[PDB]
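For reference, the structure discussed in these notes is given below.
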Amino acid sequence: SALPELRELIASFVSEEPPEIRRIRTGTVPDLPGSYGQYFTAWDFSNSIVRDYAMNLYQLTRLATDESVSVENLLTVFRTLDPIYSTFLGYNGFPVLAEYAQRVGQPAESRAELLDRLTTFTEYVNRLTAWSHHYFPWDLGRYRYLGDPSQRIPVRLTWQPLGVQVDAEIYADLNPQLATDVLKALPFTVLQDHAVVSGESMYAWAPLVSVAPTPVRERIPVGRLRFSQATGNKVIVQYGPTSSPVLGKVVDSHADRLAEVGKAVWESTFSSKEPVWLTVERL
Amino acid sequence: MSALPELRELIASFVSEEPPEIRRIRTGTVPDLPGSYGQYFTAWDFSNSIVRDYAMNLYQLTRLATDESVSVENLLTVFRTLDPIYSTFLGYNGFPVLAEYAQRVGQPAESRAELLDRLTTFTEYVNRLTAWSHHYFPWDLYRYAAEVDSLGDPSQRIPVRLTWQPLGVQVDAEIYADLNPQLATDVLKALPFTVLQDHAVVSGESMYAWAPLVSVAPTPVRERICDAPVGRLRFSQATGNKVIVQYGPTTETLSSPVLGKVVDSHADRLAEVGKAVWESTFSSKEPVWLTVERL
Ligand SMILES: N[C@@H](Cc1c[nH]c2ccccc12)C(=O)O
Ligand SMILES: N[C@@H](Cc1c[nH]c2ccccc12)C(=O)O
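Right under this line is the structure:
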C-alpha cells in the first residue's frame, strides 16, 4: 500500500478495541468534546460521523474505479468533501484518522494509487465504525413503542462466547465477484454486533473492501447470509423478520441455533458490551 | 431560476412550522416503526445523524457544482454514487419526500446552473429538516470531570439587530463586509429573517440557527472557534449555512468564517440567552426564535 502502518492498525483492530474508541466511550477524549458538563453528545457525534464518513469513503472508492471520472478530478471531490468530516473527527476522538485523510488527498501517480489509499483508509475507518457501533449505549430507548448445487461452498460460522456453531453454503455463482472476495478473507474472526434499526438481524464487519458488482439482491429466508458493501463490507445473518446482496444461507437444520445467538448479540450490542465473536471459515 | 419551485414553497413554510417528517420521528409515529426490540430511540439516533450528514453531503456537492474543473456528467455520477445509500435510508427512516427529490436532483441536467439550483434548493430543504431535528433530538440522556477584528475598514461595517423572542432580548451587532465581502452580504441579503434558535451541543458555549440561505462563497477570513471573542458572530456554510453566536468559551479548534461581532455595550445580554437556548435544545424544547434585521 502507499502507507503500510494503516494495515498494521487494521490487523490489530479486528482483535483489539482501538484506543481512540476507548477514550470516546470512557470520556477521556482530549479537548473534552461535549457541552455543559457532558460528553454524550460528542459520543453521538463520534459514532454518527465515523459511520457516514465511512459510507462516503466507500462510495468515493467505488467512484475511483469509474474511468469516466479523472483521477485529479476525484482528488478534488475528496478534497472538497473530506475536511468538513475529517477535521471534526480529529477533534472528536479520531485524530490519526485525520492525518490519513490528509494523506489520501495527496496527488496520486496512479489511479491505483488513490484506489489503494481509499481502500486502506476506508477499511481502517470501517473497522473504527464497527467498534464505535459496538460500544455506543443504544440502551436509552423512555422511547418504547436457483444457482448451481456445485457452486455452493461449505462454510462454518462459530460464536466462541456463545459456543454455538452452524454450517452454511456460500453461493459463488449468484454474486461471483462478491463471494470471491469474502472467500479470500476467510478464515477470519471478527466481532459480532446487532442490527439496531432494521430488526432481528446481525452484522460483523468483514476484513475486506470490495466494490464487486451485486447483480443478485433480495428483501432484507431465516438464516440468510447477506453482504452489505455500502454499509461497511458487513456479513449479515438474519435470525428473524426485519435490497442487499446474497452470499448464501445457514443450513436449515442449524437455522434453529441462531435464535439464542440473536438474543445474545442483541444484548452484546445493546447492554453488555460483552463481545460475541464470529468466526467464518471454509469447510 | 427555479426548476424546483415546490421545494421553495416547502422551504418558506418550515422556517416557522415544525416539519411533519420531524414530527413523526419525535412522537414515534413512523409507518416503518424503525428500530428493534420495540424502541425508536435508535431509529431517531439514525435519522437525525444521517439527515445532518446528508446535508453536509448535499452542501459539498453544491460547492462542487460551482467548480468548473469538474465536468457535470462527472459531478452527476459523483452525486449518483454518494447519495442513494443515504437518501434511501432516509426514505426508510422517516423522510419519504427527501428521497424522491433526491432521485430528481440526479437526473441529467442541460446546464451546470440547472444542477446548481437543484443542489442549492435541496440543500436548504434538508438544512431545515436538520434544523428542526437538532432542536427536538433528545440530548438530555455521561458527564466530564470539572477539575483579529483589527483588520479591515470600520467605515464599512454594517450594523444589524438580533432579537430573541418570546424572550424579548435585543442586542445590536455589526457585520464586517470588509472581513468577508460575499459571506457578509449573503447573510445581509437573507435579512430580515426570523428562524428557530438552538444551542450548539459539542463546541462549548455557542448557539446557531439555520439561516434561510445557501452561500457557497469561499471565505477569505477564518478564525479558530476556541480563540474567538464573546459576542463573535460566525457563519458555517458547511454545517447548514448557519448564523452562530459565540456567547462563551468554545472547545472547538475548527476555523469558522467571521461575520462580525455583537457590540461591546450589549455583550452582557448574551450570557442569559445561552443558558436559555441550552435548555431550549437540551430540555424544554421551547421554540426560541432569533430575528436578525439590518439597522
Ligand atoms: N440502520 C440499520 C443498518 C443500515 C442499513 N442501511 C443503512 C444506511 C445507513 C446507515 C445505517 C444503515 C441497522 O442498524 O439495523
Ligand atoms: N461542534 C458542533 C458540531 C460541529 C462542528 N463542526 C462540525 C463538522 C462536522 C460535523 C459536525 C460539526 C456542535 O456544537 O454541534
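These protein sequences, in sequence, are chains A and B.
Those letters in the first sequence? Residues 2 to 142, 145 to 148, 173 to 247, 251 to 272, 277 to 317, by the deposited numbering.
Those letters in the second sequence? Residues 1 to 141, 146 to 151, 170 to 317, by the deposited numbering.
Just so it is clear, CB atoms sit at the ideal spot from N, CA and C, and this is done for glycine as well.
In terms of residue numbering, what span does the beta strand (DSSP E) encompassing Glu-196 of chain A cover?
It spans 191 to 198 - the beta strand (DSSP E) in which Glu-196 of chain A sits, taken as one unbroken run.
Less than 8 angstroms separating the Cβ of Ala-222 of chain A from some heavy atom of ligand 1?
True, at least one ligand heavy atom lies under 8 angstroms from that Cβ.
Quick one, are the C-beta atoms of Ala-3 of chain A and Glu-114 of chain A less than 9 angstroms apart?
It is a contact, given that the beta carbons lie within the stated cut-off.
Below 8 angstroms on the Cβ atoms is my contact criterion, and I expect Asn-93 of chain A with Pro-34 of chain A to pass it. Report the Cβ-Cβ distance as a whole number of Å.
Yes, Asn-93 of chain A and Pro-34 of chain A are in contact; Cβ-Cβ is about 5 angstroms, under 8 angstroms.
Less than 9 angstroms between the beta carbons of residue 155 of chain B and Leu-281 of chain B, yes or no?
Between 151 and 170, chain B has no modelled residues, which means residue 155 of chain B does not appear in the coordinates.
Can you give me, in chain order, the residues of the region 291 to 310 of chain A that have a beta carbon less than 9 angstroms from any beta carbon in chain B?
Within the region 291 to 310 of chain A, the residues whose Cβ lies closer than 9 angstroms to some Cβ of chain B are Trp-300 and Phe-304, listed in chain order.
Taking the straight line between their C-alpha atoms, what separation do you get for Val-267 of chain A and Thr-261 of chain A?
Each residue's alpha carbon lies about 14 angstroms from the other.
Do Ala-131 of chain A and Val-284 of chain A have their C-beta atoms closer together than 9 angstroms?
The answer is no: Cβ separation not under 9 angstroms.
Could you list which residues in chain B have their beta carbon closer than 8 angstroms to that of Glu-227 of chain A, in chain order?
Within 8 angstroms Cβ-Cβ: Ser-36.
Can you check which of these residues, B:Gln-192, B:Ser-177, B:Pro-176 and B:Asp-175, is closest to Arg-183 of chain B by C-alpha distance?
Of B:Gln-192, B:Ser-177, B:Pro-176 and B:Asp-175, the residue nearest in Cα terms is B:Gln-192.
Flag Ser-133 of chain A as yes if its beta-carbon sits less than 9 angstroms from any beta-carbon of chain B, otherwise no.
No - not a single Cβ of chain B is within 9 angstroms of the one on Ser-133 of chain A.
How close, in whole Å, do the beta carbons of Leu-58 of chain A and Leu-129 of chain A come, if the pair is a contact with beta carbons under 8 angstroms?
Wrong, their Cβ atoms sit about 11 angstroms apart, outside the cutoff.
Apart from the five residues on each side of it in sequence, which residues of its chain come closer than 8 angstroms, Cβ to Cβ, to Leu-213 of chain A?
Cβ within range, chain order: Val-182, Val-314, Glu-315 and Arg-316.
According to DSSP, is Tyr-230 of chain B helix, strand or coil?
It is a strand residue.
At a cut of 8 angstroms, does the region 59 to 73 of chain A reach the region 22 to 31 of chain A through at least three beta carbon pairs?
Because the criterion of three Cβ pairs below 8 angstroms is not met, the region 59 to 73 of chain A and the region 22 to 31 of chain A do not touch.
Closer than 8 angstroms to a non-hydrogen atom of ligand 2 - does that hold for the CB of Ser-228 of chain B?
Yes; taking the cut-off as 8 angstroms, the Cβ of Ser-228 of chain B has a heavy atom of ligand 2 nearer than that.
Along the chain, where does the beta strand (DSSP E) containing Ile-247 of chain B start, and where does it finish?
Element bounds for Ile-247 of chain B: n/a, residue is neither H nor E.
Spatial neighbours of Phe-137 of chain A within its chain, please: CB distance less than 6 angstroms, with the 5 preceding and 5 following residues excluded, ordered by chain position.
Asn-48, listed in sequence order.
Compare the C-beta of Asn-127 of chain A with all C-beta atoms of chain B and state if any pair is closer than 9 angstroms.
Judged by the 9 angstroms Cβ criterion, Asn-127 of chain A is not in contact with chain B.
Taking the alpha carbon of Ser-87 of chain B as the reference point, which residue from B:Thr-77, B:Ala-102, B:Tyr-125 and B:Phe-79 has its own alpha carbon closest?
The candidate whose alpha carbon is nearest that of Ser-87 of chain B is B:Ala-102.
So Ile-50 of chain B contacts chain A; which residues on that side make the cut at Cβ distance below 8 angstroms?
Within chain A, the residues near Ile-50 of chain B are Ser-49 and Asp-53.
Count the other CB atoms, across all protein chains shown, that sit within 10 Å of the CB of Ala-293 of chain B; report buried if there are 16 or more and exposed otherwise.
By the neighbour-count rule (16 or more Cβ atoms within 10 Å), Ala-293 of chain B is not buried but exposed.
Cβ closer than 8 angstroms: which chain B residues qualify as neighbours of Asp-45 of chain A?
Going along chain B in sequence order, the residues near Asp-45 of chain A (Cβ under 8 angstroms) are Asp-45, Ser-49 and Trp-139.
For ligand 1, is there any heavy atom lying closer than 8 angstroms to the beta carbon of residue 150 of chain A?
Not modelled: residue 150 of chain A, which lies between 148 and 173, the two residues flanking a gap in chain A.
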